$ cat entry_15.cif   # mmCIF, C-alpha atoms
data_query
#
loop_
_atom_site.label_atom_id
_atom_site.label_comp_id
_atom_site.auth_asym_id
_atom_site.auth_seq_id
_atom_site.Cartn_x
_atom_site.Cartn_y
_atom_site.Cartn_z
CA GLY B 1 72.15 -37.57 8.20
CA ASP B 2 73.59 -40.76 6.64
CA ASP B 3 74.59 -38.60 3.60
CA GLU B 4 76.20 -35.25 2.65
CA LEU B 5 79.45 -35.86 4.57
CA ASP B 6 82.76 -37.57 3.84
CA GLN B 7 80.93 -40.86 3.13
CA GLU B 8 79.43 -39.24 0.03
CA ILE B 9 82.57 -37.57 -1.29
CA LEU B 10 83.35 -41.05 -2.63
CA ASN B 11 79.90 -41.81 -4.13
CA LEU B 12 79.45 -38.58 -6.12
CA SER B 13 81.06 -35.16 -6.46
CA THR B 14 81.31 -32.61 -3.63
CA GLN B 15 79.30 -30.22 -5.80
CA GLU B 16 76.49 -32.81 -5.95
CA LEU B 17 76.39 -32.42 -2.18
CA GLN B 18 76.35 -28.64 -2.48
CA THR B 19 73.23 -28.71 -4.65
CA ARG B 20 71.59 -31.74 -2.95
CA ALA B 21 70.78 -29.89 0.30
CA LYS B 22 69.30 -27.15 -1.93
CA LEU B 23 66.90 -29.70 -3.49
CA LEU B 24 66.03 -30.70 0.07
CA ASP B 25 65.12 -26.98 0.61
CA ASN B 26 62.34 -27.23 -2.00
CA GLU B 27 61.31 -30.53 -0.41
CA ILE B 28 60.94 -29.14 3.12
CA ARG B 29 59.20 -26.05 1.81
CA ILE B 30 56.58 -28.53 0.53
CA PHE B 31 56.51 -30.64 3.77
CA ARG B 32 56.02 -27.39 5.67
CA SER B 33 52.99 -26.53 3.56
CA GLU B 34 51.45 -29.87 4.43
CA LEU B 35 52.37 -29.73 8.11
CA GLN B 36 50.87 -26.29 8.52
CA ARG B 37 47.91 -27.51 6.49
CA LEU B 38 47.46 -30.10 9.22
CA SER B 39 47.95 -27.50 11.94
CA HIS B 40 44.83 -25.66 10.76
CA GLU B 41 42.71 -28.85 10.64
CA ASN B 42 43.58 -29.97 14.10
CA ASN B 43 42.71 -26.48 15.37
CA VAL B 44 39.28 -26.57 13.76
CA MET B 45 38.54 -30.20 14.71
CA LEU B 46 39.14 -29.72 18.44
CA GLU B 47 36.78 -26.77 18.52
CA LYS B 48 34.19 -28.76 16.67
CA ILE B 49 34.22 -31.27 19.51
CA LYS B 50 33.79 -28.35 21.93
CA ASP B 51 30.63 -27.33 20.02
CA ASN B 52 29.25 -30.87 20.33
CA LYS B 53 30.12 -31.49 23.96
CA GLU B 54 28.66 -28.27 25.18
CA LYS B 55 25.10 -29.41 24.41
CA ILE B 56 25.96 -32.85 25.66
CA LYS B 57 26.95 -31.65 29.15
CA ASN B 58 23.77 -29.67 29.42
CA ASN B 59 21.64 -32.75 28.79
CA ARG B 60 23.95 -34.91 30.98
CA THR Z 1 3.31 12.96 32.93
CA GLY Z 2 5.05 9.61 32.93
CA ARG Z 3 5.10 6.96 30.26
CA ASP Z 4 1.76 5.28 29.65
CA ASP Z 5 1.54 1.75 28.41
CA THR Z 6 -1.36 0.70 26.33
CA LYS Z 7 -2.76 -2.05 24.18
CA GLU Z 8 -0.74 -3.94 21.62
CA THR Z 9 -1.59 -6.82 19.40
CA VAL Z 10 0.99 -9.29 18.35
CA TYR Z 11 0.86 -9.99 14.63
CA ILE Z 12 2.46 -13.28 13.88
CA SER Z 13 3.47 -13.38 10.23
CA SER Z 14 2.59 -16.58 8.44
CA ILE Z 15 6.29 -17.51 8.36
CA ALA Z 16 6.83 -17.01 12.04
CA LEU Z 17 3.84 -19.09 12.98
CA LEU Z 18 4.92 -22.21 11.04
CA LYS Z 19 8.42 -22.09 12.44
CA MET Z 20 7.33 -21.97 16.08
CA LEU Z 21 4.93 -24.86 15.50
CA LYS Z 22 7.49 -26.96 13.58
CA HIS Z 23 10.34 -26.38 16.09
CA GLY Z 24 8.10 -26.61 19.13
CA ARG Z 25 6.16 -29.81 18.30
CA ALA Z 26 9.28 -31.54 17.08
CA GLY Z 27 11.11 -30.86 20.32
CA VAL Z 28 8.16 -31.50 22.62
CA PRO Z 29 7.98 -32.64 25.26
CA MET Z 30 11.44 -31.20 25.88
CA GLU Z 31 11.10 -27.41 26.03
CA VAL Z 32 11.84 -25.54 22.88
CA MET Z 33 12.75 -21.92 22.55
CA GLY Z 34 14.07 -19.36 20.15
CA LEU Z 35 14.21 -15.64 19.56
CA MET Z 36 11.75 -13.55 17.63
CA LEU Z 37 13.24 -11.27 15.01
CA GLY Z 38 10.98 -8.47 13.89
CA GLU Z 39 10.28 -4.80 14.35
CA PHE Z 40 8.10 -2.59 16.47
CA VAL Z 41 6.40 0.25 14.66
CA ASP Z 42 3.25 2.00 15.74
CA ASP Z 43 2.16 1.73 19.38
CA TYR Z 44 -0.40 -1.05 18.93
CA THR Z 45 1.59 -3.35 16.62
CA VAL Z 46 4.27 -5.85 17.50
CA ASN Z 47 5.15 -7.35 14.11
CA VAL Z 48 7.11 -10.61 14.29
CA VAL Z 49 8.56 -11.16 10.86
CA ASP Z 50 10.56 -14.27 11.65
CA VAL Z 51 11.57 -16.63 14.42
CA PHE Z 52 14.37 -19.11 14.78
CA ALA Z 53 15.18 -21.72 17.35
CA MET Z 54 17.99 -21.61 19.82
CA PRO Z 55 19.57 -24.98 20.82
CA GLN Z 56 17.56 -27.23 23.16
CA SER Z 57 18.78 -28.29 26.59
CA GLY Z 58 17.53 -30.85 29.09
CA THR Z 59 17.48 -28.10 31.63
CA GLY Z 60 14.71 -26.60 29.46
CA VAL Z 61 14.31 -22.84 29.74
CA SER Z 62 16.75 -21.09 32.00
CA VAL Z 63 18.16 -17.66 32.14
CA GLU Z 64 21.52 -19.28 31.21
CA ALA Z 65 19.95 -21.67 28.70
CA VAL Z 66 19.09 -18.66 26.52
CA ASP Z 67 22.71 -18.60 25.37
CA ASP Z 68 23.91 -15.29 23.91
CA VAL Z 69 26.94 -16.81 22.15
CA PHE Z 70 24.64 -18.65 19.82
CA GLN Z 71 22.44 -15.57 19.50
CA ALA Z 72 25.42 -13.53 18.25
CA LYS Z 73 26.49 -15.98 15.58
CA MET Z 74 22.92 -16.28 14.36
CA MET Z 75 22.51 -12.50 14.20
CA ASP Z 76 25.55 -12.19 11.95
CA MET Z 77 24.12 -14.91 9.73
CA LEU Z 78 21.02 -12.77 9.17
CA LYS Z 79 23.18 -9.68 8.80
CA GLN Z 80 25.06 -11.15 5.84
CA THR Z 81 21.76 -12.11 4.21
CA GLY Z 82 20.27 -8.68 4.96
CA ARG Z 83 17.50 -9.86 7.24
CA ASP Z 84 18.58 -8.62 10.68
CA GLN Z 85 16.43 -5.95 12.27
CA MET Z 86 15.79 -6.00 16.00
CA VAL Z 87 15.14 -8.96 18.28
CA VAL Z 88 11.69 -8.28 19.67
CA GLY Z 89 11.72 -10.91 22.38
CA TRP Z 90 11.71 -14.62 22.96
CA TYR Z 91 9.20 -17.39 22.71
CA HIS Z 92 9.17 -20.69 24.44
CA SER Z 93 6.90 -23.74 24.31
CA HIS Z 94 5.32 -25.31 27.35
CA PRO Z 95 4.59 -28.96 26.47
CA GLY Z 96 0.95 -29.86 27.10
CA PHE Z 97 0.21 -27.39 29.85
CA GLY Z 98 -1.56 -24.07 29.30
CA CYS Z 99 -0.14 -20.68 28.37
CA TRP Z 100 1.18 -19.14 31.54
CA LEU Z 101 4.64 -18.01 32.48
CA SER Z 102 6.49 -20.08 34.99
CA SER Z 103 8.22 -18.41 37.87
CA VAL Z 104 11.57 -19.12 36.18
CA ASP Z 105 10.17 -17.72 32.94
CA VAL Z 106 9.30 -14.47 34.64
CA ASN Z 107 12.99 -13.90 35.32
CA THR Z 108 13.91 -14.89 31.77
CA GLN Z 109 11.46 -12.26 30.60
CA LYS Z 110 12.78 -9.63 33.08
CA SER Z 111 16.17 -9.81 31.31
CA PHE Z 112 14.76 -9.13 27.79
CA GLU Z 113 12.54 -6.32 29.16
CA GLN Z 114 15.70 -4.45 30.18
CA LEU Z 115 17.13 -4.74 26.69
CA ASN Z 116 13.91 -3.61 24.98
CA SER Z 117 10.80 -2.77 26.99
CA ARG Z 118 8.47 -3.75 24.16
CA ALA Z 119 9.66 -7.40 24.37
CA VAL Z 120 7.11 -10.12 24.63
CA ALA Z 121 7.07 -13.69 25.68
CA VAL Z 122 4.96 -15.93 23.48
CA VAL Z 123 3.96 -19.17 25.08
CA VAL Z 124 3.11 -21.95 22.68
CA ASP Z 125 1.11 -25.18 23.20
CA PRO Z 126 1.90 -27.51 20.24
CA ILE Z 127 0.13 -30.69 21.35
CA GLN Z 128 -3.01 -28.57 21.57
CA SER Z 129 -2.54 -27.03 18.14
CA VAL Z 130 -3.85 -30.27 16.47
CA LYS Z 131 -7.42 -29.19 17.11
CA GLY Z 132 -9.12 -26.79 14.68
CA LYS Z 133 -7.67 -24.02 16.81
CA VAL Z 134 -4.02 -23.20 17.26
CA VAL Z 135 -3.40 -22.30 20.93
CA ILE Z 136 -0.90 -19.51 21.38
CA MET O 1 49.53 -1.85 0.11
CA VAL O 2 48.06 -1.27 3.57
CA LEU O 3 44.32 -1.55 4.28
CA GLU O 4 43.88 -4.00 1.41
CA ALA O 5 41.75 -7.03 0.50
CA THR O 6 43.23 -9.29 -2.11
CA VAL O 7 41.69 -11.95 -4.25
CA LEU O 8 44.49 -14.10 -5.51
CA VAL O 9 43.54 -15.94 -8.69
CA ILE O 10 45.49 -19.18 -9.09
CA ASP O 11 45.65 -20.49 -12.63
CA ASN O 12 44.96 -24.20 -12.66
CA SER O 13 46.29 -26.02 -15.68
CA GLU O 14 48.38 -28.80 -17.10
CA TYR O 15 50.83 -26.04 -17.91
CA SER O 16 51.63 -25.93 -14.21
CA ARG O 17 52.65 -29.58 -14.21
CA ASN O 18 55.57 -28.23 -16.25
CA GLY O 19 58.89 -28.39 -14.43
CA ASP O 20 60.36 -25.12 -15.73
CA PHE O 21 59.78 -23.59 -12.28
CA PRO O 22 60.26 -25.84 -9.15
CA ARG O 23 59.47 -28.83 -9.17
CA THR O 24 56.27 -28.27 -10.79
CA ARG O 25 54.83 -24.72 -11.03
CA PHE O 26 51.95 -25.73 -8.78
CA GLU O 27 54.20 -26.92 -5.97
CA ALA O 28 56.03 -23.59 -6.33
CA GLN O 29 52.69 -21.77 -5.98
CA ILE O 30 51.95 -23.49 -2.65
CA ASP O 31 55.04 -21.83 -1.16
CA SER O 32 54.25 -18.50 -2.85
CA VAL O 33 50.78 -18.15 -1.25
CA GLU O 34 52.02 -18.72 2.28
CA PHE O 35 54.63 -15.98 1.80
CA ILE O 36 52.14 -13.44 0.35
CA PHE O 37 49.75 -13.91 3.30
CA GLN O 38 52.39 -13.08 5.86
CA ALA O 39 53.74 -10.09 3.90
CA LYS O 40 50.34 -8.36 3.89
CA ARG O 41 49.50 -9.43 7.43
CA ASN O 42 52.66 -7.98 8.90
CA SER O 43 52.10 -4.74 6.94
CA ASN O 44 48.65 -4.53 8.52
CA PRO O 45 46.70 -7.32 10.19
CA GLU O 46 43.28 -5.99 9.23
CA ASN O 47 44.03 -7.12 5.65
CA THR O 48 42.22 -10.27 4.48
CA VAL O 49 42.79 -12.66 1.58
CA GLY O 50 40.27 -14.48 -0.62
CA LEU O 51 41.22 -17.24 -3.07
CA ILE O 52 39.55 -18.33 -6.31
CA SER O 53 40.69 -20.83 -8.92
CA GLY O 54 40.28 -21.34 -12.63
CA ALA O 55 39.81 -25.05 -11.92
CA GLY O 56 36.78 -26.52 -13.64
CA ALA O 57 35.35 -25.25 -16.88
CA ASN O 58 34.20 -22.24 -14.81
CA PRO O 59 36.00 -20.37 -11.97
CA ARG O 60 35.03 -21.02 -8.41
CA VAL O 61 35.41 -19.59 -4.93
CA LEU O 62 37.55 -21.85 -2.82
CA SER O 63 37.74 -19.25 -0.06
CA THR O 64 35.80 -16.08 0.52
CA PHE O 65 37.49 -13.33 2.51
CA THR O 66 38.86 -14.72 5.68
CA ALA O 67 41.49 -13.67 8.16
CA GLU O 68 42.41 -17.33 8.46
CA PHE O 69 45.76 -18.31 6.89
CA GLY O 70 44.80 -21.96 7.07
CA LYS O 71 41.53 -21.51 5.20
CA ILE O 72 43.42 -20.28 2.12
CA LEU O 73 45.78 -23.25 2.53
CA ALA O 74 42.90 -25.72 2.92
CA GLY O 75 41.50 -24.35 -0.28
CA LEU O 76 44.58 -25.41 -2.21
CA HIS O 77 44.32 -28.91 -0.85
CA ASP O 78 40.73 -29.06 -2.30
CA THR O 79 41.48 -27.53 -5.76
CA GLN O 80 42.08 -29.79 -8.80
CA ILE O 81 44.59 -29.04 -11.62
CA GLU O 82 42.89 -30.58 -14.64
CA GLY O 83 40.74 -27.42 -14.91
CA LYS O 84 41.73 -24.48 -17.15
CA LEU O 85 41.66 -20.83 -16.18
CA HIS O 86 39.27 -18.72 -18.20
CA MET O 87 40.29 -15.16 -17.39
CA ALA O 88 37.25 -13.19 -18.60
CA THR O 89 34.83 -14.82 -16.16
CA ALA O 90 37.37 -14.99 -13.34
CA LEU O 91 37.69 -11.20 -13.31
CA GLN O 92 33.92 -10.86 -13.03
CA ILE O 93 33.60 -13.47 -10.30
CA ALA O 94 36.42 -11.72 -8.39
CA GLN O 95 34.61 -8.38 -8.61
CA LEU O 96 31.68 -9.89 -6.69
CA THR O 97 34.00 -11.39 -4.08
CA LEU O 98 35.59 -7.96 -3.65
CA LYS O 99 32.22 -6.36 -2.71
CA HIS O 100 32.19 -8.53 0.41
CA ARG O 101 35.00 -7.59 2.81
CA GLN O 102 35.66 -7.65 6.57
CA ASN O 103 35.58 -3.82 6.59
CA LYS O 104 34.81 -1.63 3.56
CA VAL O 105 38.00 0.36 4.25
CA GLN O 106 39.94 -2.53 2.78
CA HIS O 107 40.81 -1.58 -0.74
CA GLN O 108 40.15 -3.74 -3.73
CA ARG O 109 42.97 -5.58 -5.45
CA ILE O 110 43.28 -8.64 -7.64
CA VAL O 111 46.46 -10.65 -7.93
CA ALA O 112 46.49 -13.10 -10.82
CA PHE O 113 49.01 -15.80 -11.60
CA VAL O 114 49.19 -16.71 -15.27
CA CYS O 115 50.64 -20.07 -16.21
CA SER O 116 48.88 -20.60 -19.61
CA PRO O 117 48.62 -18.47 -22.77
CA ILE O 118 45.21 -16.81 -22.56
CA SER O 119 43.02 -17.39 -25.62
CA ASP O 120 40.14 -15.10 -24.64
CA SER O 121 39.72 -12.14 -27.05
CA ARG O 122 41.54 -8.84 -26.50
CA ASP O 123 38.56 -6.59 -27.28
CA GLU O 124 36.41 -8.74 -25.01
CA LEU O 125 38.77 -8.27 -22.08
CA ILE O 126 39.25 -4.58 -22.71
CA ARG O 127 35.66 -3.92 -21.70
CA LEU O 128 36.34 -5.77 -18.46
CA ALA O 129 39.58 -3.96 -17.89
CA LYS O 130 37.69 -0.67 -17.78
CA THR O 131 34.93 -2.09 -15.65
CA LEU O 132 37.44 -2.79 -12.94
CA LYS O 133 38.41 0.78 -12.19
CA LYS O 134 34.82 2.02 -12.04
CA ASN O 135 34.42 -0.44 -9.18
CA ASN O 136 37.82 0.85 -7.97
CA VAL O 137 39.43 -2.55 -8.62
CA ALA O 138 43.01 -2.60 -9.91
CA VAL O 139 44.69 -5.74 -11.01
CA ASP O 140 48.32 -6.94 -10.62
CA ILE O 141 49.13 -9.48 -13.30
CA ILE O 142 52.03 -11.80 -12.47
CA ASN O 143 52.80 -13.05 -15.96
CA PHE O 144 54.58 -16.27 -16.71
CA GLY O 145 51.98 -17.90 -19.00
CA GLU O 146 51.95 -15.48 -21.95
CA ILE O 147 55.71 -15.54 -22.27
CA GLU O 148 55.91 -19.12 -23.40
CA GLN O 149 55.59 -17.56 -26.92
CA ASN O 150 52.46 -15.39 -26.85
CA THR O 151 51.47 -11.76 -27.43
CA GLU O 152 50.76 -9.16 -24.74
CA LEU O 153 47.10 -8.49 -24.72
CA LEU O 154 48.15 -7.52 -21.18
CA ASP O 155 49.89 -4.35 -22.18
CA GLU O 156 46.51 -2.86 -23.15
CA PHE O 157 44.67 -4.22 -20.10
CA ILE O 158 47.07 -2.56 -17.58
CA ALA O 159 47.00 0.89 -19.30
CA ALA O 160 43.21 0.83 -19.47
CA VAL O 161 42.95 0.11 -15.72
CA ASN O 162 45.46 2.78 -14.60
CA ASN O 163 43.93 6.18 -13.72
CA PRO O 164 44.04 8.56 -10.80
CA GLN O 165 43.18 6.05 -8.10
CA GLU O 166 45.24 4.85 -5.11
CA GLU O 167 44.63 1.36 -6.42
CA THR O 168 47.24 0.99 -9.14
CA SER O 169 47.53 -1.76 -11.76
CA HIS O 170 50.89 -3.35 -12.28
CA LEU O 171 52.39 -5.60 -14.92
CA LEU O 172 55.04 -7.96 -13.58
CA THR O 173 56.70 -10.52 -15.79
CA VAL O 174 58.67 -13.16 -13.84
CA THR O 175 61.88 -14.73 -15.20
CA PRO O 176 60.74 -18.17 -16.40
CA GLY O 177 64.23 -19.61 -15.94
CA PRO O 178 65.11 -21.33 -12.66
CA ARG O 179 65.46 -18.77 -9.86
CA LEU O 180 62.39 -20.01 -7.87
CA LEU O 181 59.05 -18.47 -8.80
CA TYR O 182 58.13 -17.60 -5.17
CA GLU O 183 61.45 -15.99 -4.35
CA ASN O 184 61.14 -13.44 -7.16
CA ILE O 185 57.50 -12.59 -6.51
CA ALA O 186 58.08 -12.21 -2.77
CA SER O 187 61.18 -10.05 -3.44
CA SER O 188 59.20 -7.97 -5.95
CA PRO O 189 57.45 -4.80 -4.59
CA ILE O 190 54.02 -5.83 -3.33
CA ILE O 191 53.93 -3.80 -0.11
CA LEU O 192 56.24 -1.11 -1.50
CA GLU O 193 53.73 -0.36 -4.31
CA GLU O 194 52.42 3.17 -4.90
CA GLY O 195 49.17 4.89 -5.72
CA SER O 196 48.28 7.13 -8.64
CA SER O 197 45.85 9.70 -7.10
#
$ encode --input "entry_15.cif" --output "structure tokens"
Amino acid sequence: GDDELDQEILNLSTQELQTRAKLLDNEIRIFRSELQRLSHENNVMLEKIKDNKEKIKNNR
Amino acid sequence: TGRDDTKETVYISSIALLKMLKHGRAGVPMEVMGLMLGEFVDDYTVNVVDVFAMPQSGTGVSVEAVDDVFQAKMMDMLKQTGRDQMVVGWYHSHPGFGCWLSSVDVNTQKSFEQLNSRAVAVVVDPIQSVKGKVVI
Amino acid sequence: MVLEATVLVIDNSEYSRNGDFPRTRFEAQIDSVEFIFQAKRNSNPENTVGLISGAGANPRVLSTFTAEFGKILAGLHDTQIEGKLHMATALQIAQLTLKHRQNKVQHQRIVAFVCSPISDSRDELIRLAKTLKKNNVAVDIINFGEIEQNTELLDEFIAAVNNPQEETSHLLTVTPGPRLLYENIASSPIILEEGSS
């Protein structure tokens, strides 16, 4: 957090800092969608290797 | 009186026959197998409406190479398409040898006979079906 | 309500690239879906959610009924926004998706986001409105498309659907002004809704 502290009282208003974290709330609600999107794909992928390897060990 | 067992004749629908041949020749000489979906009506008619293939192994047929997990998924696929009825047995393909059950195959068959007594085993010879006769 | 299957219709448009809502409407709808899934699932985890779009020049199934939260989410990653929702056909395509369910105990419900003024005919859609309830389908219309200066064809659609039936049609209009689309919809009765039997 190199911002939203007494460094940034100088740069812009203290009310800009009040609202700025609340524009970072939208932004992490979006990064959470994408991170959970990627949770579901790594759960499906790993199980798709299990499907492959199960035949492969039988032949092996 | 007990239960009396008597003649039956296995009627292989045109669909079922092509699938066994296709799956069996393609996988030969590795053993091929699959379940027979159909219905029993009558007491002289085993009617095999369809077959499918269960995944091949390089352990060939085995009691644990039948694989019920795969059977269950497949059954639900037919259920959603409105084609499930009753599994009437199993078939397997010996490669270029005759139709006879192997000792191992007897025990594979003993399992399905518990689940339905009218279950058959259908032994296929694909490399011998390229005559003017199909050997099954 | 409990014991319920829901097809959410997402309106895909260039109207949802508008920044009225945060920080387009589409990016607001991503958040909204995630919330809705959990609300229903924690009311009763035998509920399932399907997802269709308007995307394309014809609606399409991005997800059939699934108990998988991530499949709905994956569907949104796939969908494209240059398509336009055509509501008449989307209702009919939803009705078919609502015949297929995990269990048949799950009730039938449509939830429809509106982000564009609808230019399908009123009399055309009034037939469809009455088809829904014969199939026992009620429809909750979240409206924020037909309030960008447009009439309420909707008023007639919701009255036609309502009847003695535990599935109950609802008209919700969501404040278009910044208060966060998802917040208001989540806070709005959706698991505190009532029947009409």
$ closest_residue --input "entry_15.cif" --among "O:137, O:142, O:9, O:153" --to "residue 125 of chain O" --atoms "all atoms listed in the file"
O:153
$ interface_residues --input "entry_15.cif" --of "chain Z" --to "chain B" --cutoff "10 Å" --atoms "only C-alpha atoms" --output "list in words"
residues 55, 56, 57, 58, 59, 60 and 65 of chain Z
$ residues_near_point --input "entry_15.cif" --point "(44.7, -15.3, -24.3)" --cutoff "9 Å" --atoms "all atoms listed in the file" --output "PDB file with C-alpha atoms, keeping the file's coordinate frame"
ATOM      1  CA  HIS O  86      39.270 -18.720 -18.200  1.00  0.00           C
ATOM      2  CA  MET O  87      40.290 -15.160 -17.390  1.00  0.00           C
ATOM      3  CA  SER O 116      48.880 -20.600 -19.610  1.00  0.00           C
ATOM      4  CA  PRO O 117      48.620 -18.470 -22.770  1.00  0.00           C
ATOM      5  CA  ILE O 118      45.210 -16.810 -22.560  1.00  0.00           C
ATOM      6  CA  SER O 119      43.020 -17.390 -25.620  1.00  0.00           C
ATOM      7  CA  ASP O 120      40.140 -15.100 -24.640  1.00  0.00           C
ATOM      8  CA  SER O 121      39.720 -12.140 -27.050  1.00  0.00           C
ATOM      9  CA  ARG O 122      41.540  -8.840 -26.500  1.00  0.00           C
ATOM     10  CA  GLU O 146      51.950 -15.480 -21.950  1.00  0.00           C
ATOM     11  CA  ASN O 150      52.460 -15.390 -26.850  1.00  0.00           C
ATOM     12  CA  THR O 151      51.470 -11.760 -27.430  1.00  0.00           C
ATOM     13  CA  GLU O 152      50.760  -9.160 -24.740  1.00  0.00           C
ATOM     14  CA  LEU O 153      47.100  -8.490 -24.720  1.00  0.00           C
TER      15      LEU O 153
END
$ closest_residue --input "entry_15.cif" --among "O:83, O:189, O:56, O:22" --to "chain B" --atoms "only C-alpha atoms"
O:22
$ residues_around --input "entry_15.cif" --residues "segment 29-37 of chain B" --least-positions-apart "6" --cutoff "8 Å" --atoms "only C-alpha atoms" --output "PyMOL selection string"
chain O and resi 27+30-31+34+70+73-74
$ residues_around --input "entry_15.cif" --residues "residue 83 of chain Z" --least-positions-apart "4" --cutoff "12 Å" --atoms "all atoms listed in the file" --output "list in words"
residues 37, 38, 39, 49, 50, 51, 74, 75, 76, 77, 78, 79 and 87 of chain Z
$ atom_distance --input "entry_15.cif" --atom1 "atom CA of residue 12 of chain Z" --atom2 "atom CA of residue 122 of chain Z"
10.3 Å
$ closest_residue --input "entry_15.cif" --among "O:176, O:195, O:145, O:75" --to "chain B" --atoms "all atoms listed in the file"
O:75
$ atom_distance --input "entry_15.cif" --atom1 "atom CA of residue 112 of chain Z" --atom2 "atom CA of residue 91 of chain Z"
11.2 Å
$ atom_distance --input "entry_15.cif" --atom1 "atom CA of residue 42 of chain Z" --atom2 "atom CA of residue 5 of chain Z"
12.8 Å
